[PDB]
Amino acid sequence: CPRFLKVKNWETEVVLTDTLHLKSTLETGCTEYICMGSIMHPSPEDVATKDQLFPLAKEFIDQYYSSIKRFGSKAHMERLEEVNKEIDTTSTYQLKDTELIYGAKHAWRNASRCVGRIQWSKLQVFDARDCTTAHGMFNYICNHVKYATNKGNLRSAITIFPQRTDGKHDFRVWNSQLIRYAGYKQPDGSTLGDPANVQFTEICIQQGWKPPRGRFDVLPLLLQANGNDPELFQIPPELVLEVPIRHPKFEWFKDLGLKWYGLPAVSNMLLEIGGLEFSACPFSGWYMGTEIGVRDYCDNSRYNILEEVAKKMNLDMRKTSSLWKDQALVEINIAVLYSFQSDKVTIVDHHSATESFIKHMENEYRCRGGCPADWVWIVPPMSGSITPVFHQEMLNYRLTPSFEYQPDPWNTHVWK
Amino acid sequence: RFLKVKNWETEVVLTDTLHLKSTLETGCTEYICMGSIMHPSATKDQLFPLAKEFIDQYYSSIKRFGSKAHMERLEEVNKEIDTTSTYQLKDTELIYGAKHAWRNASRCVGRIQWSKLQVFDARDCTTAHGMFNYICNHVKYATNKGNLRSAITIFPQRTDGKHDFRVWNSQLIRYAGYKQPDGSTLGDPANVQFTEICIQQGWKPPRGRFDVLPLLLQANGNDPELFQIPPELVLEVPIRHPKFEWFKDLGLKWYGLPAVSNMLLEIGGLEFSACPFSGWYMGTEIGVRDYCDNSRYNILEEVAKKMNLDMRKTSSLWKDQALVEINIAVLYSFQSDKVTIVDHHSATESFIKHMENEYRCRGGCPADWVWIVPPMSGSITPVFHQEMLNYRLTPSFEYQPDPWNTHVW
Ligand code: HEM
Ligand code: HEM
Ligand SMILES: CCc1cc(CNC)cc(OCc2ccc3ccc(N)nc3c2)c1
Ligand SMILES: CCc1cc(CNC)cc(OCc2ccc3ccc(N)nc3c2)c1
Ligand SMILES: C[C@H](O)[C@H](O)[C@H]1CNc2nc(N)[nH]c(=O)c2N1
Ligand SMILES: C[C@H](O)[C@H](O)[C@H]1CNc2nc(N)[nH]c(=O)c2N1
Ligand SMILES: [Zn+2]
């Protein structure tokens, strides 16, 4: 690799130099002969060995004391030694509260696919490593939801449960997000609610959940503690902020009966810190409008409302080149933004978000020597080229600590 | 190893074997992806193997791989490189190579058309007057009174590098751009530099919003020369809107024929520094990028004003609304004037079908998601949800430096 990699913005001519890539840790999937930049997941029940864990821990510890300007200090060398003794006698080790907080914040700072990272340092970290039961997990998650929601003034947060040990005692949240709507396949092949969540719903129903079988039913939490069978809990409905979707100009838009929930809370990723694995680490921010307005609502295999909206807009839907789809899409996204703002629930539009991300990325290049970014994900799902990120060259690479994908728990769980 | 790509909307999974045949680098490494970098990073000795590879895949394409004809061709090519340090492509080879440069263009969403390409062989050309003749004929043929036909014109190959043929225009047809005293730009800001060179070389500029630039043509490494395309060969479309009657009062128009003239065609180790090619427009090329890029004609604000939209807050999505209307106008204008054009829904749709074709008949299809996905309405087109492998096959179209940066007068 070269020491200096340069990226250009083609709209502003601004050029930035990246050195942070030298710190890259794992593989991207690309080679010199092929690029897998548009593959969603470019790639066993066993855990890190002693010898594998030593250098990963030391790497993170080094980076931590380096961040607080105490590199090579007595406390640094002592912490190294303590960590080394712990690994050597227990095959694992425990993070200090400060190290945990630093690690969580940096996994977010390092998330190449996140357009919201200007916020990374303002993450509230809830330490749930004392948790031992699913009831306890439920307590922590509820407290998380209430804090994060803040009566609509959303605050970003992460709750972190005990790290993996032997891989047979994992903590998992089986939900893909803390709050999602149920999806139900009908005998006639149609889907009620959210087609994205049909499989998870069927699992909940199997596990005992009695479904309301409506259009927007909040799923229960399915929580696994210490590798035991997962348990169902209903989130107190008052903890679940929702926004009915209406439109500034089209009075009929409310008649569509759409709503969405305020808190986006991904709960199925793995947080890796210093070689330690936190398989349950629900985190939440707030929405960019297109997440709801374009993807959740207008994806074909989601709520797929474009046609019904375009019909009420009395658009000519017979030719594609009338751009009836594009026209309808804009009005839906206007509605989503308008309804959140009206209800004073935090949300950010794709223009503001991408403009803040360019400012963030620049600052990162200046103060950090780079900012990994996944263009394929950073560019919004509509209006791409009228946002500043479209024209921005980016380098993608993996820094640690990081959020990682992990397989769905029902696929691996040994049922007791 | 065999690689799979998945469409997350349809769950269709295709298997790539074709990438195994690439040899050119993409710019990525195992540790760092550069998929969003616009431009990443001969001798007798080097030339023959490149030639061999091309001849090999040519005779393979006509199911005569290892034939007496094939062997004699290799030998003929070896002898020729020996006695001349280069070689000449057969007419068949030229046409094959040009179609496959298009076929291999990872960033082109229009490649379902790849084998319908009219190839004009201009390798006998010697002077800029000759290039001008060939280019007028190309333009006339490709334009076809609005029923556009894909075409490429191939001028003589690079020899010593001191004698290149170059079309200095980035496209055969483009509008001039002018740096104004007050500081602003009249016409196309993308072409301000090129416009200045034409003016400096003697072109008398109308100084309008849509002045068609002259051809600036360089033959055999000599100073480039100026030519006016006969106006009757330049097909243009006034942009109007099917609902907004005031839209025509914006005085917008564009040309029908998109004809990229600054790329380099490489075939079997040979480099064709002048190879203007044309097809037809996808509406967003004009309606989104040409018209609404901040650094281009930049008309979003004017349109939104006429639509009387609230422009005080960005969350009103006034930009997004205006953008769709401009693109409705562009498609509607071309279609009313019967000038070939494709919308991004239909084009991306075709491209998915084309991928399936290619995976089936060829074992893959190199594709650059960053370029294939349209500059608006990404996820409501099928390509958004389509995983793509990008890799570099040859024959190819490559970037090359602008010749004023290189030329000695
Ligand atoms: C605070 C406001 C935030 C905004 C506006 C935001 C925005 C986004 C958006 C729009 C995406 C793409 C979503 C998609 O297309 O599915 C994303 C991805 C992501 N974000 Fe953020 N985010 C925020 C907070 C956070 C926080 C607090 C974390 C972690 C602590 C985080 C970590 C991630 C990760 C790991 C991804 C990629 C996940 C994947 O690859 O599937 N984000 N973000
Ligand atoms: C026939 C109808 C065609 C359509 C609808 C079409 C469409 C497109 C579009 C929309 C782009 C992106 C351009 C941009 O964003 O600036 C593109 C790129 C490209 N096309 Fe096609 N195209 C067509 C024909 C052709 C032909 C005839 C050739 C060559 C023989 C060709 C070769 C290329 C190449 C090399 C690029 C990428 C240029 C670069 O990397 O900068 N295309 N095409
Ligand atoms: C593969 C698992 C997956 C798929 C998808 C598909 N997106 C439509 C999204 C995934 O995560 C998406 C994500 C992650 C973190 C976020 C934080 C804040 C926010 N507003 N949105 C987020 C959205 C994960
Ligand atoms: C990187 C150099 C470059 C930049 C840009 C900027 N796009 C707005 C476009 C470039 O080529 C753009 C191109 C090439 C071939 C085409 C063939 C047919 C067609 N309709 N459009 C094309 C468009 C090259
Ligand atoms: C930075 C980025 O690579 C650059 O802006 C690209 C993005 N995608 C594109 N896609 C197309 N079709 N055409 C372009 O010019 C670009 N520009
Ligand atoms: C095939 C492609 O990688 C996939 O559809 C990606 C494209 N870009 C995306 N970008 C974001 N922000 N979110 C997504 O889910 C996706 N999906
Ligand atoms: Zn790559």
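Chain naming here is simple, since letters A, B, ... match the order of the sequence lines and numbering starts at 1 in each. Excluded from the calculations below are hydrogen atoms, water molecules and symmetry mates; all remaining heavy atoms, backbone and side chain alike, are included.
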Quick one: are A:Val414 and A:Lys416 in side-chain contact, heavy atoms under 4.5 Å? yes
In Å, rounded to the nearest 0.5 Å, how long is the span from CG of A:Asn304 to OG1 of A:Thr191? 10.5 Å
Would you say A:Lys50 has more than 12 foreign heavy atoms packed within less than 6.0 Å of its NZ? yes
For a 4.5 angstrom cut-off between non-hydrogen side-chain atoms, does A:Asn84 reach A:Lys58? no
Give a yes or no on whether B:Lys6 atom NZ has more than 12 heavy-atom contacts from other residues, nucleotides or ligands under 6.0 Å away. yes
Kindly compute the distance separating CD1 (A:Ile179) from CG (A:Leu221), expressed to the nearest 0.5 Å. 8.5 Å
Is there a donor-acceptor pair closer than 3.5 Å between any side-chain N or O of B:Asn7 and the backbone N or O of B:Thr10? yes
Do A:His76 and A:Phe71 have ring centroids that are under 6.0 Å from one another? yes
Is A:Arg129 paired with A:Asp127 through a side-chain N to carboxylate O contact shorter than 4.0 Å? yes
Roughly how far, to the nearest 0.5 Å, is the CD atom of B:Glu25 from the CD1 atom of A:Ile34? 14.0 Å
Looking only at the side chains, is there a donor atom on one of A:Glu272 and A:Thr400 sitting less than 3.5 Å from an acceptor on the other? yes
Yes or no on side chain to side chain donor-acceptor pair (under 3.5 Å) for A:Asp170 and A:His413, after CA distance, side-chain angles and deciding distance? CA-CA 10 Å; A:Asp170 293 355; A:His413 177 70; over 6 Å; no
A quick test of your reading: do over 12 heavy atoms of other residues, nucleotides or ligands sit less than 6.0 Å from OH of A:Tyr65? yes
Any luck finding a side-chain donor-acceptor pair between A:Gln163 and A:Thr92 under 3.5 Å? yes
Checking A:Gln406 side chain against A:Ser279 main chain: does a donor-acceptor pair fall under 3.5 Å? yes
Is the backbone of A:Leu192 close enough, under 3.5 Å, to the side chain of A:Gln186 for a donor and an acceptor to pair up by distance? no
Just by distance, with hydrogens left out, do A:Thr25 and A:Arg398 show a side-chain donor and acceptor under 3.5 Å apart? yes
When the ring centroid of A:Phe216 is compared with that of A:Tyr181, is the distance short of 6.0 Å? yes
Side-chain donor/acceptor of A:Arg180 to backbone N/O of A:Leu219, under 3.5 Å: no
Between A:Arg302 and A:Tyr297, is there a donor-acceptor pair closer than 3.5 Å when you use the side chain of the first and the backbone of the second? no
How long is the straight-line distance from CG of A:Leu263 back to CD of A:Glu242, given to the nearest 0.5 Å? 12.0 Å
side-chain contact (heavy atoms from CB on, under 4.5 Å) between A:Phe403 and A:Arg113, intermediate numbers included: CA-CA 10 Å; A:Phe403 292 113; A:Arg113 285 168 173 181; over 6 Å; no
A:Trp260 ring center near A:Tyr303 ring center (under 6.0 Å): yes
How far apart are the closest heavy atoms of B:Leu20 and B:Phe2, and which atoms are they? CD1-CE2, 4.4 Å
Less than 4.5 Å apart, any side-chain heavy atom of B:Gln386 and any of B:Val12? no
Ring center gap for A:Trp108 and A:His360 short of 6.0 angstrom: no
Return yes if a side-chain donor-acceptor contact under 3.5 Å exists between A:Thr290 and A:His350, otherwise no. no
So, A:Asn110 and A:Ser402: side-chain donor and acceptor under 3.5 Å apart, yes or no? no
Can you tell if the side chain of B:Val370 reaches within under 4.5 Å of the side chain of A:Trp375, non-hydrogen atoms only? yes
What class does the angle between the rings of A:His41 and B:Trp8 fall in, given that below 30° is parallel, 30 to 60° is tilted and above 60° is perpendicular? perpendicular
Between A:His21 (side chain only) and A:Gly369 (backbone N and O only), is there a donor and an acceptor less than 3.5 Å apart? no
Beyond-backbone contact of B:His385 with B:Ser379, side-chain heavy atoms, under 4.5 angstrom: yes
Considering residues, nucleotides and ligands other than B:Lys21, do more than 12 of their heavy atoms fall under 6.0 Å from its NZ? yes
Taken to the nearest 0.5 Å, the spacing of A:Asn175 CG from A:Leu223 CG works out to 6.5 Å
So which heavy atom on A:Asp296 is nearest to which on A:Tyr287, and how close? OD2-OH, 4.3 Å
When you compare the side chain of A:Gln63 with that of A:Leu399, does any pair of heavy atoms fall below 4.5 Å? no
If you round to the nearest 0.5 Å, how far is OH of B:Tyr391 from CE of A:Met36? 11.0 Å
Less than 4.5 Å apart, side chain to side chain, heavy atoms only: is that true for A:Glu32 and B:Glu30? yes
A:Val348/A:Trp286 under side-chain contact (heavy atoms from CB on, under 4.5 Å): CA gap, chis, key distance, verdict: CA-CA 8 Å; A:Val348 59; A:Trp286 53 77; 4.2 Å; yes
Would the number of heavy atoms belonging to other residues, nucleotides or ligands and lying under 6.0 Å from CD of A:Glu238 be above 12? yes
Strictly distance-based, threshold 3.5 Å: is any side-chain N or O of A:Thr149 a donor or acceptor partner for the main-chain N or O of A:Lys146? no
Around atom NZ of A:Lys122, are there more than 12 heavy atoms from other residues, nucleotides or ligands closer than 6.0 Å? yes
Steps toward side-chain contact (heavy atoms from CB on, under 4.5 Å) verdict (A:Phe200, A:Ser176): CA-CA 9 Å; A:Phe200 180 69; A:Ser176 63; over 6 Å; no
Any idea which heavy atoms bring A:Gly370 and A:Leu20 closest together, and the distance? O-CD2, 3.5 Å
Assess whether side-chain contact (heavy atoms from CB on, under 4.5 Å) is satisfied between A:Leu95 and A:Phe60, documenting all intermediate values. CA-CA 11 Å; A:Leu95 291 175; A:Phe60 165 79; 3.7 Å; yes
Could you tell me whether a side-chain N or O of A:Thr346 sits under 3.5 Å from a main-chain N or O of A:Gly152, the two making a donor and an acceptor? yes
Kindly say whether A:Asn228 contributes a backbone atom to a donor-acceptor pair with the side chain of A:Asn226 at under 3.5 angstrom? no
Salt-bridge contact A:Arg79-A:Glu82 (side-chain N to carboxylate O under 4.0 Å): yes
Which pair of non-hydrogen atoms, one from A:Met137 and one from A:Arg172, has the smallest distance, and what is that distance? CE-O, 3.6 Å
I want to check something: taking the side chain as every heavy atom from C-beta on, are A:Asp217 and A:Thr201 in contact at a cut-off of under 4.5 Å? no
Of all heavy-atom pairs between B:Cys28 and B:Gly35, which one has the smallest distance, and what is that distance? SG-N, 4.2 Å
Has the side chain of A:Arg117 got a donor or acceptor atom that lies under 3.5 Å from a matching backbone atom of A:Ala111? yes
A quick test of your reading: do over 12 heavy atoms of other residues, nucleotides or ligands sit less than 6.0 Å from CZ of A:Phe233? yes
Which heavy atom of A:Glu364 sits nearest to which heavy atom of A:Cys371, and what is that distance? CB-CB, 3.6 Å
